[PDB]
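The next block holds one structure in the form of structure tokens; read it before the comments.
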2 protein chains.
Amino acid sequence: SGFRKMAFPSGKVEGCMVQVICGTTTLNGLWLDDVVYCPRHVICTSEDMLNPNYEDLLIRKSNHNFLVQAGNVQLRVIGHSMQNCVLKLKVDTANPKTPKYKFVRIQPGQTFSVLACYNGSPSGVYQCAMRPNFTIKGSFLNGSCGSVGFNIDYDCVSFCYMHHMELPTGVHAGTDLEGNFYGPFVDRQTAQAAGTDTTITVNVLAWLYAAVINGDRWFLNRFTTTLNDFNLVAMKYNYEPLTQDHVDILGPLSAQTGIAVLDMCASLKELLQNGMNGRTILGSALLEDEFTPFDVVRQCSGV
Amino acid sequence: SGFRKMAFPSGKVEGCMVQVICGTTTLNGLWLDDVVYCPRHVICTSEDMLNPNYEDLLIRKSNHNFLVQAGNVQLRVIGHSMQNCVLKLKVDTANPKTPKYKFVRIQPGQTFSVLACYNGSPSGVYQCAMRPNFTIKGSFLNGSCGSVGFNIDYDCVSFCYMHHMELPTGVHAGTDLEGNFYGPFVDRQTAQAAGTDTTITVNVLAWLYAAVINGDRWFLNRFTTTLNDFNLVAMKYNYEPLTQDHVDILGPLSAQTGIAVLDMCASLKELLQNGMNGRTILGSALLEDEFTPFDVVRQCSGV
């Protein structure tokens with residue numbers, strides 16, 4: 001027992017991280033088979049980022065202008081292409097450590113592990129979620145660009161995120177591995193405001209199920225509610241509206257605990273209206289929304 | 001910017017995890033060079049755990065009674081020895097993936113990464129701390145025994161923890177890699193009470209420094225205090241007493257922020273006496289004590 005914000009083991013992704021240098025700019029790339037993926041603003045200086053024309057800046061770059069280094073082994077760049085906001089650097093060596101992988105574009109509210117890297121070397125791993133406003137609340141310092149987010153199923157790494165930007169508010173924006181940004185953000189150093197950071201209701205409920213499984217039960221009450229009645233309260237507290245698809249996703253946790261989804265909603269409603277009264281749930285004094293239903297199942301069964 | 005509970009990259013330790021089976025019991029082992037380390041209660045059944053005599057139970061076990069499997073490669077056991085509460089299984093193959101490593105016995109309040117494993121396969125990684133009462137608040141289900149905790153410096157893995165027990169209160173106890181338990185705990189299924197879970201004061205202060213560096217400043221006040229005056233408040237709130245060694249360890253964070261250690265203590269004092277008033281610090285509604293001063297420096301400089 002016990003419940004922890006847990007990332008996926010990072011070793012499969014460590015074996016894919018490389019350093020990419022273009023002129024004066026150094027960031028991280030992801031080396032899968034014979035392609036290195038990295039943010040296209042590797043070709044920019046800080047002055048360029050105010051108003052970049054990437055197609056024009058790219059004309060001045062040749063294969064030899066991109067230096068790629070996997071620890072100490074230097075990779076020879078034999079072709080390069082821009083796909084949306086990523087550069088694909090074709091190299092002469094297939095990565096021997098390439099795991100089974102997929103590129104997936106996740107939905108808001110889904111979670112994933114980030115391997116924070118600098119200069120091509122991993123520094124740490126942590127779990128976060130794609131917020132409903134399409135930011136993530138990460139830990140990224142200068143040079144972390146090109147660090148990736150991923151999920152793992154058995155032996156297959158699903159890459160879902162590559163870090164590109166820190167907004168002036170300190171939250172983070174990036175792309176999928178096809179180079180499309182999540183949300184409205186762009187790779188330019190301009191004013192970009194996020195949008196309302198709403199809470200991921202279905203994740204809060206899953207975490208409340210996790211709490212029950214682990215013995216934290218004080219928040220269970222005698223009331224129930226309805227989908228429409230709960231959502232009226234959800235709207236007031238900037239919570240995402242809960243749908244029947246969400247109720248269904250919560251089915252297995254409902255079954256294991258014998259607590260109807262709607263009864264748990266009534267516990268959360270009371271928690272939103274009355275606060276925690278200085279108590280904690282699973283060691284937190286606020287409602288946690290970075291565990292999906294699948295995350296809770298995975299950790300509570302030891303997948 | 002941004003600040004996250006971050007674990008070390010786990011790949012160096014994934015390459016060392018093996019499955020150990022003795023009769024009907026399966027747990028995890030750690031394969032370094034030609035030795036597999038695992039909890040000695042691999043030789044016990046659940047009935048044995050009520051009152052085990054390990055020396056007597058071990059007489060009935062021969063080299064061939066221990067099955068060791070690294071993914072799919074079966075390791076041949078050629079010798080075995082009990083060292084305190086661990087078994088050292090000598091095998092015929094040195095682990096090709098053995099990293100540079102050390103065995104270290106950490107102090108209370110120090111943090112480390114846990115690679116949770118089941119049946120020899122990693123399931124996740126998270127950061128925790130050795131509590132002052134020598135428990136850890138982990139996430140361990142049946143069969144996670146033998147999962148290890150570690151720190152990494154450049155290329156050297158310092159192993160500091162191996163999981164052995166879940167106490168009836170749901171917290172966790174284990175050994176260093178020499179098989180000595182942290183704290184008074186023993187590998188027997190009996191009543192074992194932890195002790196007062198005090199808060200790691202020096203870690204709270206470091207995290208407050210982290211908060212300032214990242215723009216969370218509302219808790220800074222106009223007061224100061226003294227070591228003795230603060231500690232009077234620390235005692236009341238079951239906080240560890242703060243020493244001059246702790247003030248010194250906080251020196252670099254004091255220097256970077258220009259906030260004297262004692263002024264930060266006065267902010268924490270006000271926070272303990274008045275609560276957070278429903279505010280958050282770095283996304284937490286309670287005072288976080290699982291970041292050491294070194295953790296904060298590492299993450300704020302991108303080591």
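Here, A, B, ... name the chains of the structure tokens in the order displayed, residue numbers run from 1 inside each chain, and ligands are numbered from 1 in the same displayed order.
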
When the cut-off is 6 Å and we count only C-alpha atoms, which residues of chain B are near chain A, given as a ChimeraX atom specification? /B:1-4,6-11,124-126,138-141,285

List the spatial neighbours of residue 119 in chain B as a PyMOL selection string - criterion: any atom at most 10 Å away, only C-alpha atoms, same-chain residues fewer than 4 positions off excluded. chain B and resi 17-21+26-29+69-71+123+143-146

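Among the candidates B:57, B:35, B:227, B:50, the one nearest to residue 79 in chain B when counting only C-alpha atoms is B:35.
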
Using DSSP secondary structure from the backbone, list all strand (DSSP E) positions within range 107-154 of chain A, as a PyMOL selection string. chain A and resi 111-118+121-129+148-153

Counting only C-alpha atoms, closest pick from B:295, B:48, B:34, B:92 relative to residue 210 in chain B is B:295

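Each of B:167, B:82, B:104, B:200 was compared to residue 61 in chain B using only C-alpha atoms, and B:82 turns out to be the nearest.
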
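Going from CA of residue 230 in chain A to CA of residue 270 in chain A covers 10.1 Å.
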
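CA of residue 36 in chain B sits 7.1 Å away from CA of residue 91 in chain B.
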
At a cut-off of 6 Å, using only C-alpha atoms, what residues contact range 238-250 of chain B? Leave out same-chain residues fewer than 2 positions from it and give the result as a list in words.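 Listing them by chain and then by number gives residues 198, 199, 200, 201, 231, 234, 235, 236, 252 and 253 of chain B.
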
Writing out the chosen residues with N, CA and C atoms as a PDB file, in the first residue's frame:
```
ATOM      1  N   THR B 198       8.389  13.324  12.626  1.00  0.00           N
ATOM      2  CA  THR B 198       8.645  14.749  12.673  1.00  0.00           C
ATOM      3  C   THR B 198       8.974  15.263  11.273  1.00  0.00           C
ATOM      4  N   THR B 199       8.837  16.576  11.093  1.00  0.00           N
ATOM      5  CA  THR B 199       9.101  17.218   9.810  1.00  0.00           C
ATOM      6  C   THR B 199      10.572  17.610   9.694  1.00  0.00           C
ATOM      7  N   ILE B 200      11.132  17.455   8.485  1.00  0.00           N
ATOM      8  CA  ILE B 200      12.547  17.711   8.235  1.00  0.00           C
ATOM      9  C   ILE B 200      12.748  19.201   7.977  1.00  0.00           C
ATOM     10  N   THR B 201      12.958  19.952   9.064  1.00  0.00           N
ATOM     11  CA  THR B 201      13.025  21.414   9.018  1.00  0.00           C
ATOM     12  C   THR B 201      13.961  21.943   7.939  1.00  0.00           C
ATOM     13  N   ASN B 231      13.528  27.322  17.201  1.00  0.00           N
ATOM     14  CA  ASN B 231      13.434  25.941  17.669  1.00  0.00           C
ATOM     15  C   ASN B 231      12.360  25.757  18.731  1.00  0.00           C
ATOM     16  N   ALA B 234       9.649  25.237  16.554  1.00  0.00           N
ATOM     17  CA  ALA B 234       9.813  23.946  15.889  1.00  0.00           C
ATOM     18  C   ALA B 234       9.344  22.802  16.780  1.00  0.00           C
ATOM     19  N   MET B 235       9.787  22.793  18.040  1.00  0.00           N
ATOM     20  CA  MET B 235       9.368  21.761  18.985  1.00  0.00           C
ATOM     21  C   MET B 235       7.850  21.671  19.083  1.00  0.00           C
ATOM     22  N   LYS B 236       7.173  22.814  19.178  1.00  0.00           N
ATOM     23  CA  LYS B 236       5.724  22.785  19.330  1.00  0.00           C
ATOM     24  C   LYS B 236       5.043  22.101  18.148  1.00  0.00           C
ATOM     25  N   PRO B 252      24.565  28.362   0.343  1.00  0.00           N
ATOM     26  CA  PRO B 252      24.481  28.713  -1.086  1.00  0.00           C
ATOM     27  C   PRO B 252      23.117  29.221  -1.513  1.00  0.00           C
ATOM     28  N   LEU B 253      22.028  28.672  -0.962  1.00  0.00           N
ATOM     29  CA  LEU B 253      20.700  29.162  -1.312  1.00  0.00           C
ATOM     30  C   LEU B 253      20.447  30.528  -0.705  1.00  0.00           C
TER      31      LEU B 253
END
```

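Atom to atom, CA of residue 281 in chain B and CA of residue 216 in chain B stand 6.3 Å apart.
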
From the DSSP assignment of the backbone, select every residue of range 194-256 of chain A that is alpha helix (DSSP H), and format the answer as a ChimeraX atom specification. /A:201-213,227-236,244-249,251-256

File dump, residues just selected, N, CA, C and O atoms, as a short mmCIF file (atom, residue, chain, number, x, y, z; two decimals), in the first residue's frame:
```
data_model
loop_
_atom_site.label_atom_id
_atom_site.label_comp_id
_atom_site.auth_asym_id
_atom_site.auth_seq_id
_atom_site.Cartn_x
_atom_site.Cartn_y
_atom_site.Cartn_z
N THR A 201 -11.50 16.85 -13.48
CA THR A 201 -12.46 16.21 -12.58
C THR A 201 -12.32 14.69 -12.54
O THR A 201 -12.35 14.09 -11.46
N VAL A 202 -12.24 14.04 -13.70
CA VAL A 202 -12.22 12.58 -13.69
C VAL A 202 -10.98 12.06 -12.99
O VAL A 202 -11.00 10.99 -12.38
N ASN A 203 -9.89 12.82 -13.04
CA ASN A 203 -8.66 12.43 -12.36
C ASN A 203 -8.77 12.61 -10.85
O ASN A 203 -8.25 11.79 -10.08
N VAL A 204 -9.42 13.69 -10.42
CA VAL A 204 -9.66 13.87 -8.99
C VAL A 204 -10.44 12.69 -8.43
O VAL A 204 -10.14 12.17 -7.35
N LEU A 205 -11.46 12.24 -9.17
CA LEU A 205 -12.28 11.14 -8.67
C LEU A 205 -11.47 9.87 -8.56
O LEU A 205 -11.58 9.14 -7.56
N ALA A 206 -10.67 9.57 -9.59
CA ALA A 206 -9.81 8.39 -9.54
C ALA A 206 -8.89 8.44 -8.32
O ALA A 206 -8.70 7.42 -7.65
N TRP A 207 -8.33 9.61 -8.03
CA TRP A 207 -7.44 9.75 -6.88
C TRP A 207 -8.20 9.54 -5.56
O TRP A 207 -7.67 8.93 -4.61
N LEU A 208 -9.46 9.99 -5.50
CA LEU A 208 -10.30 9.69 -4.34
C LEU A 208 -10.55 8.19 -4.21
O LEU A 208 -10.60 7.67 -3.09
N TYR A 209 -10.74 7.49 -5.32
CA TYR A 209 -10.80 6.03 -5.28
C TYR A 209 -9.50 5.44 -4.76
O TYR A 209 -9.50 4.56 -3.89
N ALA A 210 -8.36 5.89 -5.30
CA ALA A 210 -7.05 5.51 -4.76
C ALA A 210 -6.97 5.73 -3.25
O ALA A 210 -6.42 4.89 -2.53
N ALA A 211 -7.50 6.85 -2.77
CA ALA A 211 -7.43 7.14 -1.33
C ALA A 211 -8.23 6.12 -0.53
O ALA A 211 -7.77 5.64 0.52
N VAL A 212 -9.42 5.76 -1.02
CA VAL A 212 -10.24 4.78 -0.33
C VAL A 212 -9.51 3.45 -0.27
O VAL A 212 -9.44 2.81 0.79
N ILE A 213 -8.96 3.00 -1.40
CA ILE A 213 -8.24 1.73 -1.45
C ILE A 213 -7.12 1.71 -0.43
O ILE A 213 -6.78 0.65 0.11
N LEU A 227 -25.33 13.59 -12.28
CA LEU A 227 -24.35 14.18 -13.19
C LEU A 227 -24.60 15.68 -13.36
O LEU A 227 -23.68 16.50 -13.20
N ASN A 228 -25.86 16.07 -13.62
CA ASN A 228 -26.17 17.49 -13.83
C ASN A 228 -25.98 18.31 -12.55
O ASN A 228 -25.45 19.42 -12.59
N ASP A 229 -26.40 17.77 -11.41
CA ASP A 229 -26.25 18.50 -10.16
C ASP A 229 -24.78 18.68 -9.80
O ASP A 229 -24.38 19.77 -9.36
N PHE A 230 -23.97 17.64 -9.98
CA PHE A 230 -22.54 17.79 -9.70
C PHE A 230 -21.92 18.85 -10.61
O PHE A 230 -21.18 19.73 -10.14
N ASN A 231 -22.21 18.77 -11.90
CA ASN A 231 -21.59 19.68 -12.87
C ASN A 231 -21.91 21.14 -12.60
O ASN A 231 -21.10 22.01 -12.90
N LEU A 232 -23.09 21.43 -12.02
CA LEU A 232 -23.36 22.79 -11.58
C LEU A 232 -22.32 23.24 -10.56
O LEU A 232 -21.83 24.38 -10.62
N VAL A 233 -21.96 22.36 -9.64
CA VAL A 233 -20.90 22.67 -8.69
C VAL A 233 -19.54 22.68 -9.38
O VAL A 233 -18.68 23.52 -9.08
N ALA A 234 -19.31 21.75 -10.32
CA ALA A 234 -18.04 21.73 -11.03
C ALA A 234 -17.77 23.05 -11.73
O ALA A 234 -16.67 23.62 -11.60
N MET A 235 -18.76 23.57 -12.46
CA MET A 235 -18.61 24.85 -13.15
C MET A 235 -18.20 25.96 -12.18
O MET A 235 -17.32 26.76 -12.48
N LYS A 236 -18.84 26.02 -11.01
CA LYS A 236 -18.53 27.09 -10.08
C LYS A 236 -17.07 27.06 -9.64
O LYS A 236 -16.46 28.11 -9.45
N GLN A 244 -20.61 11.01 -19.19
CA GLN A 244 -20.88 9.59 -19.00
C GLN A 244 -19.70 8.73 -19.43
O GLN A 244 -19.45 7.68 -18.83
N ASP A 245 -18.96 9.16 -20.45
CA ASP A 245 -17.71 8.47 -20.77
C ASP A 245 -16.78 8.43 -19.57
O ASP A 245 -16.10 7.42 -19.33
N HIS A 246 -16.73 9.51 -18.79
CA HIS A 246 -15.90 9.55 -17.60
C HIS A 246 -16.42 8.60 -16.53
O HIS A 246 -15.63 7.88 -15.90
N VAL A 247 -17.73 8.62 -16.28
CA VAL A 247 -18.32 7.65 -15.36
C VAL A 247 -17.94 6.23 -15.77
O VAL A 247 -17.58 5.40 -14.93
N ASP A 248 -18.02 5.93 -17.07
CA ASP A 248 -17.69 4.59 -17.53
C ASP A 248 -16.23 4.26 -17.29
O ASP A 248 -15.90 3.14 -16.86
N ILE A 249 -15.33 5.21 -17.56
CA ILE A 249 -13.91 4.96 -17.35
C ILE A 249 -13.64 4.63 -15.89
O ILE A 249 -12.76 3.82 -15.57
N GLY A 251 -15.54 2.89 -13.98
CA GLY A 251 -16.23 1.67 -13.62
C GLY A 251 -15.43 0.65 -12.83
O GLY A 251 -15.89 0.17 -11.80
N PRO A 252 -14.22 0.30 -13.29
CA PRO A 252 -13.44 -0.69 -12.53
C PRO A 252 -13.11 -0.26 -11.11
O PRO A 252 -13.12 -1.09 -10.20
N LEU A 253 -12.82 1.03 -10.89
CA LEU A 253 -12.54 1.50 -9.54
C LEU A 253 -13.80 1.52 -8.69
O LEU A 253 -13.77 1.23 -7.49
N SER A 254 -14.92 1.89 -9.31
CA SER A 254 -16.20 1.76 -8.65
C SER A 254 -16.45 0.33 -8.20
O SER A 254 -16.88 0.09 -7.07
N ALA A 255 -16.14 -0.64 -9.07
CA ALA A 255 -16.43 -2.04 -8.76
C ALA A 255 -15.56 -2.55 -7.62
O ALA A 255 -16.05 -3.18 -6.67
N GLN A 256 -14.25 -2.29 -7.69
CA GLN A 256 -13.34 -2.71 -6.64
C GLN A 256 -13.74 -2.15 -5.27
O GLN A 256 -13.66 -2.85 -4.26
#
```

Contact residues around residue 178 in chain B with only C-alpha atoms at 8 Å, ignoring same-chain residues under 4 positions, as a PyMOL selection string: chain B and resi 83-86+103

Keeping only C-alpha atoms, write the selected residues to a file as a PDB file, in the first residue's frame.
```pdb
ATOM      1  CA  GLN B  83      24.777 -10.755   5.754  1.00  0.00           C
ATOM      2  CA  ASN B  84      22.586  -9.169   8.433  1.00  0.00           C
ATOM      3  CA  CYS B  85      19.129  -9.138   6.793  1.00  0.00           C
ATOM      4  CA  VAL B  86      20.214  -9.677   3.180  1.00  0.00           C
ATOM      5  CA  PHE B 103      26.715   1.190  -0.916  1.00  0.00           C
TER       6      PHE B 103
END
```

Pick the closest to residue 190 in chain B from B:81, B:168, B:223, B:289: which is it, counting only C-alpha atoms?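 Selected residue with least distance to residue 190 in chain B: B:168.
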
Write out as number ranges by chain each polymer residue whose atoms come within 8 Å of residue 22 in chain A, counting only C-alpha atoms; drop sequence neighbours fewer than 5 positions from it. A: 42-43, 65-67
